[PDB]
């Protein structure tokens, strides 16, 4: 029997769900048909309304303490929780209900992990990351907006193979994907080391792939697998295609100044 996954969606943009289905190794098709049992997911599920709701009860009973809760998005605490309504009730009530009997909780993406865009100042909905609401369950954070596809399926594959959460850093992120800063193995690093920088978009330096530090690249302070694993079956990543990292896997990246303002104190990197 394949491990049930109940994939809930709070306040979100759905980027993490979309990224998941880009995975090439493994194929999302194979994950869904052969690895997990994706029993609840607003994006893909046939059932709606009362029929959809009934699935949660059934799986929670039959597989108590042996299903994975995956959460994309986050709960709002303002508007009495009703800036995110599911089955006529606040999302936060669904979240807490399904979380209680999960064997593990995956916080997909920066929304679930930290807050992401809706939690940027002034956070009109008091959107709150999952780990501030669910405090008595094992959580793994998989941050990024969205995370890389193979990072998402890599986490699932590990959990299914070993029936364990992989080793986490102090912030709850899997070390197997988040141990390196972008800047460690970025292919433009030799340019950084030689003081060779883009200063204006489409300058001669940009056309030679010079370092994007002075254009605001936050690679030096951002942990992710983008420089090595890269995106969409290793086709590119933000820096390769010419835009600095905006820091999208780091907590509170929307409120660390303009994306185009450089980090200060270049010598520390």
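Positions refer to the first chain, counted from 1.
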Checklist entry - Comparing 63-71 with 237-245, which stretch shows the greater average C-alpha B-factor in the deposited entry? => result 63-71
Checklist entry - Looking at the entry, does 49-57 or 203-211 show the higher mean C-alpha B-factor? => result 49-57
Checklist outcome for this item: The largest CA temperature factor among 142, 117, 133, 148 is found at 133
Item to check | Residue with highest C-alpha B-factor in the PDB entry, from 109, 190, 129, 122 | outcome: 190
Item to check | CA B-factor placement of residue 84, once the chain's modelled residues are sorted into thirds | outcome: lowest
Next on the checklist: What third of the chain does residue 113 rank in for C-alpha temperature factor, lowest, middle or highest?
Outcome noted: lowest
Checklist entry - residue 216's Cα B-factor: lowest, middle or highest third of the chain? => result lowest
Item to check | Chain third (lowest, middle, highest) by recorded CA B-factor, residue given as residue 38 | outcome: middle
Next on the checklist: By the recorded C-alpha temperature factor, relative to the other modelled residues in its chain, which third is residue 6 in?
Outcome noted: middle
